[PDB]
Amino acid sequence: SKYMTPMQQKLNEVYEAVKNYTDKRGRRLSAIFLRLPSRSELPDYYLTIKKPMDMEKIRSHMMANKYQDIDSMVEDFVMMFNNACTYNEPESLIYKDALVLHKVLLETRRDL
């Protein structure tokens, strides 16, 4: 079944909060995180990041009704932002944006 159950609808609220967040200047910080480059495009990422994750993969898992609870999805987002902060250096834009969204995610969960 394709219909979103009540649990999926709650997961999708959290997913949308992260996806649609804009910073104080209107910048959509999620955009870079939708799609990780493939193994052929960025092989060194797959050497050191043991569990590659992007928001397309999370969303597909969510839409397939494969998350058992809100916490399971939050853990994949947390993994994704930790991966970004590991592969990318602290001076980088993506590292800074991963921190902001990681906090948005945690506060969204706490207030749910």
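Just so we're on the same page, rigid core means the largest C-alpha set that superposes within 1.5 Å between forms. All residue numbers are counted from 1 along the displayed sequence.
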Of 52-60 and 23-31, the one with the larger RMS C-alpha deviation from the shown form in 9 other deposited structures of this protein, core-superposed, is 23-31
Stretch farther from shown form by Cα RMS in 9 other deposited structures of this protein, picked from 39-47 and 82-90 after core fit, is 39-47
Per the PDB entry, mean CA B-factor is higher for 49-57 or 64-72, namely for 64-72
In terms of its chain's C-alpha B-factors, the third that includes residue 106 is the middle
Residue 86: CA B-factor among chain residues, third -> middle
Tertile call for residue 27 (CA temperature factor, within chain, third-based) is the middle
